[PDB]
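Since the structure comes first, as structure tokens, the remarks are kept for the end.
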Amino acid sequence: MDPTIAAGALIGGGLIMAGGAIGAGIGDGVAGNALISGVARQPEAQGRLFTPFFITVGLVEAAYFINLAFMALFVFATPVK
Amino acid sequence: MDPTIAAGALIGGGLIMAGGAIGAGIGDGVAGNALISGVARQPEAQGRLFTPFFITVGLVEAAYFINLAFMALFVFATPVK
Amino acid sequence: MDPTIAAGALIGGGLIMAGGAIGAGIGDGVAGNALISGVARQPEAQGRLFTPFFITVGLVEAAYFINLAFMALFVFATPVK
Amino acid sequence: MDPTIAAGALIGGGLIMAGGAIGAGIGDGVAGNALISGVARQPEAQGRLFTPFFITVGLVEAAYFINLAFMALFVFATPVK
Amino acid sequence: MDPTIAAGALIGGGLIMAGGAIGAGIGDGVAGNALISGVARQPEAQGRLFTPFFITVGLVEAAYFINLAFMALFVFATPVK
Amino acid sequence: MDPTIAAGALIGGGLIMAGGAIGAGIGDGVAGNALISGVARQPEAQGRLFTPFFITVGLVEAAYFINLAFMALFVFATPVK
Amino acid sequence: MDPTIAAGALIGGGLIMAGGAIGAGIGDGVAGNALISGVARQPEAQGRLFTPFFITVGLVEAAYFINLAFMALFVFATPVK
Amino acid sequence: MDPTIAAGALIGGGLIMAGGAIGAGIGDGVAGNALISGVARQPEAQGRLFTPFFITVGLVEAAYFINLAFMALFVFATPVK
Amino acid sequence: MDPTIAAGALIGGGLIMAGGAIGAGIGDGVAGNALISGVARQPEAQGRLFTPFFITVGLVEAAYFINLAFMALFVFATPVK
Amino acid sequence: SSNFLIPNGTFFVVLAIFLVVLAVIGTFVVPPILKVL
Amino acid sequence: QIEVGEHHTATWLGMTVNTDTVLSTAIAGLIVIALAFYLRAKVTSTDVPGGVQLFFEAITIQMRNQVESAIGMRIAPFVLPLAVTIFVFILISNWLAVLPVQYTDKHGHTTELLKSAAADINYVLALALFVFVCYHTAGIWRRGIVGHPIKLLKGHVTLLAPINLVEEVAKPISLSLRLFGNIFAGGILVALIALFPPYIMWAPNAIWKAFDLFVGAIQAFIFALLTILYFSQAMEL
Amino acid sequence: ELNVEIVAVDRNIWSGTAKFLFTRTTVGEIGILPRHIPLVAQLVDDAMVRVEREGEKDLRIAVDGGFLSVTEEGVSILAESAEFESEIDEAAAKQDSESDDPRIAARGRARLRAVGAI
Amino acid sequence: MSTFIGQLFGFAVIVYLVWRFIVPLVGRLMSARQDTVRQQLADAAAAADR
Ligand SMILES: COc1nc2ccc(Br)cc2cc1[C@@H](c1ccccc1)[C@@](O)(CCN(C)C)c1cccc2ccccc12
Ligand SMILES: COc1nc2ccc(Br)cc2cc1[C@@H](c1ccccc1)[C@@](O)(CCN(C)C)c1cccc2ccccc12
Ligand SMILES: COc1nc2ccc(Br)cc2cc1[C@@H](c1ccccc1)[C@@](O)(CCN(C)C)c1cccc2ccccc12
Ligand SMILES: COc1nc2ccc(Br)cc2cc1[C@@H](c1ccccc1)[C@@](O)(CCN(C)C)c1cccc2ccccc12
Ligand SMILES: COc1nc2ccc(Br)cc2cc1[C@@H](c1ccccc1)[C@@](O)(CCN(C)C)c1cccc2ccccc12
Ligand SMILES: COc1nc2ccc(Br)cc2cc1[C@@H](c1ccccc1)[C@@](O)(CCN(C)C)c1cccc2ccccc12
Ligand SMILES: COc1nc2ccc(Br)cc2cc1[C@@H](c1ccccc1)[C@@](O)(CCN(C)C)c1cccc2ccccc12
């Protein structure tokens, strides 16, 4: 009875982590593309570009970890016992 | 009867959260790319560039949250009797 | 017998909501990228840029909502009795 | 025997709707990105940019709708009677 | 044991149509992005930009249709029974 | 014995066709994007532009066809029976 | 014993070929986009743009080929028997 | 009871690694795209550019390697048992 | 016992190689897009452009290598009894 | 097979070692190098 | 076949401390200290400098340019020694893993006389949590016991106050698992590469080792850069 | 190598052969190597053009009112004013950078970039 | 005790690769910096006696 639920929880946590990884990796990559281009064109702008960057990143990474948290909820404290 | 339904609920919630995280992460990445590029090219635009940037984010995050909502419904209040 | 159909319904609804979330998130991100960049280039054009934007978003969100609709039809009013 | 085919039809319909939503959402986002950028660069062009746009969208949405059709045929008129 | 084959056929047809919809939607989106941008840059080029476009789309839709065809072969004329 | 392998072959062929259609659709979309943009830029380079294009497409389409081949090998000449 | 192992091998080979074709198609599309753009801007540069192109393609197809190999190893020489 | 949990752990770990690899590869590709473009524009900006490039690479591969750690936890010290 | 774990191992290895191929192919494609565009812009910086490229690609390939390793660990030296 | 994401008392030992090196450098490398520059 | 990071261990104060990752981090500490003293005896501002002086000069100038661009060397003179020691410590600790120290077995499978230290959660957690407490107390000293928490909760956009909170929870976690997972990966690979036969085991081992050198350098650099950035974010205004 | 022609409104500032021309257009810094796609751009207000030759040392010219044109022929820089590195007195170049007049402050900042400061 | 030999061959080829490719460029870099600071001190003394 419980082993099927354990397999389901493991596959669900894997899906959560995979989605979080895809989203976070690609979003950070796009934001960093913007940052590297802006700093390559104008070096002195580096500082004033960290303010939008770490806002965007701050959102993106948020998703990942939020998902990370929920992955734990699936795998360590399975919502169905 | 319940083990299978609970496994399916966990996998469905995992899929919901994976999709939500992919969408949210990549949409925030693209919007923030636009924000960083606009702040780089037109610095003084910074303040005004926050009125579209959040609109976009307000849509993107919306999707994520709604998925989150239903993910809860899938694992805490499973719609199948 | 109904447990297997219910597991299938939950996994299907998860797939529908995941796909809708990926589509909505990334489409809103791309449209908002266009919006933020156009507002950065032409600062005064914001008012004239919301009629194409909300058209684009109007379509994108539409898909999401429809998926949401059908997800409900899967988990609450399962099309196989 | 019916529960297995019913679960299969539910998962297949979920996959069809998910793929259609991803495709339609991201394609409409890309086309609308082009439309917003064109309008922002020269606004008088708006009326002339809607014949390419609605061609593009006209194709994209078509895919979506066709998928929707078959989704119904999977869940409501399951080809395995 | 035929229901297992029927469910596999339904899931495979769903996968085929989902991949086809994703590919077709995003390909039409990118090609139409190019078309709208080319018409916005100079409108007089419209009549000359529909030979490349309908080549591009002509291939993209092709893929979709082929998938569609094979999806039929999976759900209506299952290749293995 | 036979039914599980048949269902697995159907799902595997579905995955192969979905991956082929996604790859081919989006690759043709990006190559045609470049083509349309180049013809809009330089209208009298059309012929000169079709030799890189048909190289790129020739690679992309190749992948699709190869996948198509193996899809047949999965559903018509199942390797393991 | 053997039936479920062969079904898992078929599904795994399908996943391998799907991922390989997605990666190869979209990587070829992006590289060829760059090539077509560079030839549309400077036709005489077609000769010198084939050395980076065929490096990129050389890597991209490599992934494809490797996946192809493992697909065979999964369907013709199943590593767990 | 253990075999299905082990299968679930293996599939979940595969999903985690797949999502992490997709996200990391594409994000590193986009970041390196920005780096190579910025060096092509001004070939004497490498050292200046290796700071934002490696900040972005740090974030992207942070996502990747947190997924790698949790995959190793899944398949080597399986949380549920 | 063993057949379930073998099917799960083959499916997980397929997922790992699919994610790795997608990531590596598309990341190498984006980096090579940057390389071709840079060699088109500044043909005399080609050498200078292989130091960023082979860093980017290098990092990307690192990910691929790890995936490859773990796929073997799943398929030849299954980490579960 | 144990959960390797759980910290041991090692956490402190390593800390101490780092808290030594940070001192040494912080006293014997960075001030002389900064003075030389 | 492959087995994951079990540790030779012993109880030192009622707490189970690993033998390995205390031997290896101690060797790293002694190597950094030996390099430091060798510089103390050979640092010449009068004539041309040797090799060790040039190495530490490069590291110090790079990290000082970072601190100057980020926060300012007038406001934060301690971030420079912190960044330098973090970089050199992590770099030496990760580069010690290149050594041919694998020696098959007494019985069964692969084994090493020295596991890399960053392949342990205690090592990376110590580094990350020390940096965490340090930049939070630097923010407190710069802004106040009551102004620094409200600034962490406000951020650059006050309405995103929950998201900002998540950021503050995610900075140590990231810093510690980007390096664990990374170096940890290396471990597993050299253990599974040791399942090959000897005549075809040298090539993947050499490729992985040669690229893990660059990976360890980049990981030390990322840790140090992000430490400097976090200090500049916690001490702003 | 590439052919540099820096001309002003009333005189040819410089003309010669180079291996690398660094400047900064209104969209960012740029560096031109011998073969380079045709390009037209506008330099920044306080623009400095640094020219690099094989045997010599880098010329460094403060340009005021410049327009950059890269072609098959080489680089051509239009200027309203220009001042080489070894013709600027940093005192007037520094107390002019502090001025309240926009274009004269830009000229001072260009001369300061050319002398080595900022 | 045969993985030891395989790893040792791996270590030999990696140290050969570094001694072939990496150590020449880093040696050239540190030598260029050494000679630069040497010239700096030399012309410092020259300007002093001038
Ligand atoms: C920008 O934030 C938002 N905007 C929205 C916009 C529209 C709608 Br309708 C819902 C929105 C919801 C939120 C957040 C929120 C804040 C407070 C409570 C609930 C939800 C959020 O969903 C952000 C998730 N993102 C970043 C991936 C969130 C969810 C879950 C856990 C969180 C923990 C910490 C912070 C944010 C957390
Ligand atoms: C822009 O919003 C829309 N535009 C549409 C456009 C076309 C069509 Br045909 C349907 C549309 C529907 C909506 C919303 C809506 C508004 C009111 C009622 C029902 C649906 C929405 O579906 C959008 C979800 N997005 C934002 C991810 C929604 C659903 C569920 C919960 C929401 C919570 C908060 C906000 C929006 C919420
Ligand atoms: C633009 O709308 C279209 N264009 C098409 C173009 C080609 C083809 Br061949 C089919 C097309 C079909 C439609 C719509 C339609 C309208 C009415 C009936 C059937 C289909 C649509 O399918 C759009 C879905 N999109 C937005 C994701 C839709 C479906 C379901 C509910 C909707 C509710 C509200 C709006 C649109 C709704
Ligand atoms: C442009 O349309 C095409 N171009 C092609 C190009 C090459 C090849 Br080889 C096949 C092509 C096929 C078609 C269509 C078609 C038209 C008529 C009959 C059959 C197929 C299409 O497949 C388009 C699907 N797209 C839009 C997602 C379609 C299929 C099914 C239902 C449709 C309903 C409405 C419209 C189009 C419908
Ligand atoms: C562009 O056409 C090609 N180029 C290739 C290039 C390289 C290689 Br190695 C194989 C190639 C194969 C083809 C076609 C082809 C033509 C004839 C026979 C077999 C295959 C194709 O596969 C295109 C599929 N695309 C469009 C998704 C196809 C398959 C099936 C049905 C089709 C129906 C109509 C048109 C094309 C059809
Ligand atoms: C460009 O072609 C390559 N480049 C490579 C580069 C690196 C490596 Br390591 C392997 C490479 C392999 C190949 C081909 C090849 C040629 C001959 C034998 C085996 C493989 C290829 O794999 C291309 C697949 N692409 C197009 C999706 C292929 C496979 C199968 C059937 C094909 C039929 C027709 C053409 C190519 C066919
Ligand atoms: C660029 O090549 C690399 N760069 C790396 C960079 C870092 C690291 Br840490 C590992 C790297 C590993 C490699 C290759 C390699 C070369 C030799 C032995 C093992 C691995 C590679 O993995 C590339 C795969 N890519 C291109 C999809 C590969 C694997 C398997 C079969 C191949 C067949 C042909 C060519 C390359 C083949």
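Letters A, B, ... are given to chains in the order of the sequence lines, protein chains preceding strands, and every chain is numbered from 1. Atoms within a ligand are numbered from 1 in the order they appear, just like the ligands themselves.
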Notebook entry, point to check: Which atom pair, heavy atoms only, marks the closest approach of D:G32 to C:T56?
Noted result: CA-OG1, 3.1 Å

Next item on the list: Mind listing the closest non-hydrogen atom pair of I:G13 and I:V75 along with its distance?
Entry: CA-CG2, 4.5 Å

Note to self: Counting only heavy atoms and a distance below 4.0 Å, can you name the residues contacting ligand 6?
What the structure shows: F:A62, F:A63, F:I66, G:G58, G:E61, G:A62, G:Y64, G:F65

Margin query: Give me the atom names and distance for the closest heavy-atom approach of C:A18 to B:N67.
Written below: N-ND2, 4.5 Å

Notebook entry, point to check: CG of E:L59 to CD of E:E61: how many Å apart, nearest 0.5 Å?
Noted result: 10.5 Å

Checklist line | Any donor-acceptor N/O pair, D:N33 side chain to C:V30 backbone, under 3.5 Å | finding: yes

Next item on the list: Indicate the ring-plane relationship of D:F50 and D:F54, choosing parallel, tilted or perpendicular according to the 30° and 60° boundaries.
Entry: tilted

